[PDB]
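For reference, the structure discussed in these notes is given below.
Protein chains in written order, with the entry's author numbering: chain W, 1395 to 1442; chain S, 47 to 127; chain H, 1059 to 1106; chain U, 3 to 24; chain D, 2 to 210; chain F, 199 to 250, 259 to 332, 338 to 387; chain G, 866 to 913.
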């Protein structure tokens, strides 16, 4: 149960649903390099 | 101050591995040995004997999340194993 | 029907075992949880 | 803004003594 | 249906007492739990074209301590409330010394009214709700864990002990149904107690942002 | 203290409450003010726990205690006091209970200090602060004799009293 | 990629790179997954 609970808690930690996608993760301020390492690179780096 | 000891006394496997490896490193480079070895060649067995005899000459530095640090001597630490 | 020596030895054993069971600090646990969710997903099939 | 603050303080001090009679 | 309407109003009033009591306003147990037939005897059982109707059962309740702060509710007759009606309610409150009040609208209420309430919030705080959303308690649900508002004195040493600032705390949106039910404002802390299958009881701390 | 008051109020009835009030008044008169704070605290505790003008006075005292610098509670208490019909010893007892309270006295002093600081900041010296000061003075002077209405406001003397505060504020501003 | 960073700090709590506390104690029990074991709890179920 530990891993299962952890996962959902991280999803909901930001006070509202944060789907595991570009649209969901790129919203959070987690480091422009972090968001670059995800699916999208140029957009995040360049907007940052 | 000896009172402000927040973390657990149980030194964890991460530090045990690091200390063992680094200890063996300078042991291989012929750092002075405080252990009375029964006669061995590789640094690893000597380092393990040192770890179990508990006289490592090293103090570990733990980083509490605020930025403050706490030092822990091997002597005062306690092996989980 | 344990003896007193067996009792106190058992108490010591419980103490040591619960000491071992503590989750160590610095373990990268979020990645572990999500990745351990991954393998059972791989096992699962849409045809189940 | 130190000069402005000093001027405001001086004006307030001057105005404070105007209510002594009233 | 007339019976459907009277039943709905009875449930509305029941939920309202429960809300107030949970919020911290002194209310007597009789109102806290009263029978549907009891309310029907009270009010006539004929909300439609009968002596009971909206704004008849609006109630004013003071806080448990410091009776200076008191709250009462508004029940506009029309489905879609009017800005003139909300202004009239504001004036009614102006005659009162209490700056806290609630509104229950049968239908959606105007965005102009939303903006008006936002504008006059600082001088006095007025909150609105909707029939369906208030028609059933949310706290009752098993899925919902226990919620408790926090106070400044407790938050201070809480932060001191956990060596973290309010921002680092996990957040909850202000306009959520639960935060609305508790009427929690921004920059306020709420503790949540929940049943954990693997550890029995778990405590979590949240900030209304 | 609280436990003793609860034990005394356990036998709570109409006659018991009347006797307790009479005893508290006698003790306050004998102590010349000392017993007034204890009587007010006991009445407030009884009202708060199994309580049942006394209720309004207890609510106002509780609000004042909760908010040392609260202003809405002070305004409500002032309104309640103003809307009190002249009566034989009722207002006198209320004012005596309010005044003879070291915690109440400290709260009133803190509220007056906060009001004076706000007035100095706003630069609008003469106005609820004057009403609060008059109420505090009346409460303090009620213990002098029974069947008392109020005390002179001394509006002219208020300006002279506030003059030292203005001088101190000017000195602080000049130093800063 | 979503939770590469979520880990256990030395304060026995869970924090991402941004130090946002997610879970006060990992698995809300402070225990690693290896140490746990299945068990039957006797107290619940039998008659009074």
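We put the CB at the ideal spot given by N, CA and C, even for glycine.
Examine chain D for any beta-carbon lying closer than 8 Å to the beta-carbon of residue 306 of chain F, and answer yes or no.
So, not an interface residue.
Is residue 265 of chain F close to chain D? Criterion is C-beta to C-beta, closer than 8 Å.
Residue 265 of chain F counts as touching chain D.
Does the beta-carbon of residue 306 of chain F have 16 or more other beta-carbons within 10 angstroms, so that it is buried, or is it exposed?
Looking at its Cβ environment, which holds 16 or more other Cβ atoms inside 10 Å, residue 306 of chain F is buried.
Which residues in chain G sit within 9 Å of residue 1400 of chain W, going by Cβ to Cβ distance?
The contacting residues are 868, 871, 879, 887, 888, 891, 892.
Looking at residue 1062 of chain H: is its Cβ nearer than 8 Å to the Cβ of residue 870 of chain G?
Not a contact, by the Cβ cut-off of 8 Å.
Would the region 30-41 of chain D count as touching the region 71-87 of chain D if we require 3 or more Cβ pairs under 8 Å?
Not touching, per the Cβ criterion.
Going by beta-carbon coordinates alone, are residue 118 of chain D and residue 132 of chain D separated by less than 8 Å?
Their beta carbons are not under 8 Å apart, which means residue 118 of chain D does not touch residue 132 of chain D by this criterion.
Considering only C-alpha positions, which residue in the set S:47, S:67, S:75, S:82 is nearest to residue 101 of chain S?
It is S:82.
Is residue 151 of chain D near the ligand MN, going by C-beta to nearest heavy atom under 7 Å?
Among the ligands in the structure shown, none appear at all, so the ligand MN cannot be discussed.
Would you call residue 76 of chain S buried or exposed, if buried means 16 or more other Cβ atoms sit within 10 Å of its Cβ?
Exposed is the call here.
Measuring only between beta-carbons, confirm whether residue 69 of chain D sits less than 8 Å from chain F.
True, the Cβ-Cβ gap to chain F drops below 8 Å.
Which residue wins for smallest C-alpha separation from residue 156 of chain D, given the options D:170, D:78, D:101?
Nearest option by C-alpha distance: D:170.
Excluding the 5 residues preceding and the 5 following residue 1442 of chain W in the sequence, name in chain order all residues of the same chain whose CB lies nearer than 6 Å to its CB.
Excluding positions up to five away in sequence, the list reads 1426.
Given that residue 198 of chain D touches chain W, what residues does it touch there, using C-beta distances under 7 Å?
Correct list: 1395.
Based on DSSP bridge pairs, tell me the residues matched to residue 872 of chain G.
Answer is G:880.
CB residue 1091 of chain H to CB residue 1397 of chain W, shorter than 8 Å?
Closer than 8 Å, so yes.
Here's a check: name, in chain order, each residue in its chain whose Cβ is nearer than 7 Å to the Cβ of residue 53 of chain S, leaving out the five neighbours to either side.
Contacts found: 108, 116.
Does any C-beta atom of chain D lie closer than 8 Å to the C-beta of residue 1409 of chain W?
Yes, contact with chain D.
Might you give, ordered along the chain, the residues of its own chain that have their beta carbon closer than 8 Å to the beta carbon of residue 4 of chain D, omitting 5 neighbours on each side?
Once the five neighbours on either side are set aside, the close Cβ partners of residue 4 of chain D are 46.
Following the continuous beta strand (DSSP E) through residue 317 of chain F, name the residue where it begins and the one where it ends.
It is not in any beta strand (DSSP E) - residue 317 of chain F instead sits in the alpha helix (DSSP H) that spans 308-328.
So, for residue 97 of chain S: in the same chain, excluding its five sequence neighbours on each side, which residues have a beta-carbon less than 8 Å away from its beta-carbon?
Taken in chain order, the residues that qualify are 62, 65, 66, 69, 125.
Excluding sequence positions up to five away, which residues of its chain have a Cβ less than 7 Å from the Cβ of residue 1439 of chain W?
The answer, listed in chain order, is 1426, 1430.
Since residue 898 of chain G meets chain W, which of its residues come closer than 8 Å, beta carbon to beta carbon?
Neighbours of residue 898 of chain G on chain W, chain order: 1396, 1397.
Tell me which residue opens and which closes the beta strand (DSSP E) that residue 205 of chain D is part of.
Here the beta strand (DSSP E) through residue 205 of chain D covers 201-209.
If you count every other CB in all the chains shown that lies within 10 Å of the CB of residue 353 of chain F, and 16 or more means buried, which is it?
Answer is buried; the Cβ neighbour count reaches 16.
Starting from residue 197 of chain D and walking both ways along the beta strand (DSSP E), at which residues does that stretch end?
Note, residue 197 of chain D: beta strand (DSSP E), 189-197.
If distances are taken between C-alpha atoms only, which option among F:244, F:347, F:236 comes closest to residue 214 of chain F?
Nearest C-alpha to residue 214 of chain F: F:244.
Taking Cβ-Cβ distances shorter than 8 Å, what residues in chain H pair up with residue 126 of chain S?
What residue 126 of chain S touches in chain H: 1077, 1078.
If residue 18 of chain U and residue 342 of chain F are in contact, beta carbons under 8 Å, what's the gap, nearest whole angstrom?
Residue 18 of chain U to residue 342 of chain F, Cβ: 23 Å. No contact.
Who are the Cβ neighbours of residue 80 of chain S in its own chain at under 8 Å, not counting the five residues just before and after it?
Around residue 80 of chain S: 96, 101, 103.
For the region 165-189 of chain D, list every residue whose C-beta sits within 8 Å of some C-beta in chain G, in sequence order.
Listed in sequence order: 165, 169, 170, 171.
My assumption, with CB atoms under 8 Å, is that residue 27 of chain D sits in contact with residue 63 of chain D. Please give the rounded CB distance.
That belief holds up - the Cβ atoms of residue 27 of chain D and residue 63 of chain D are roughly 6 Å apart, short of 8 Å.
Would the beta-carbon of residue 199 of chain D fall within 8 Å of that of residue 894 of chain G?
Yes, these two residues count as a Cβ contact at 8 Å.
For the structure I just gave you, are there three or more beta carbon pairs, one from the region 186-200 of chain D and one from the region 142-158 of chain D, closer than 8 Å?
Short answer: they touch.
From the DSSP output, which residues share a beta bridge with residue 125 of chain S?
Answer is S:57.
Return the residues of the region 1081-1099 of chain H that lie within a Cβ-Cβ distance of less than 9 Å from chain S, sorted by chain order.
For the region 1081-1099 of chain H, which is checked against every Cβ of chain S, the residues closer than 9 Å are 1082, 1083, 1084, 1085.
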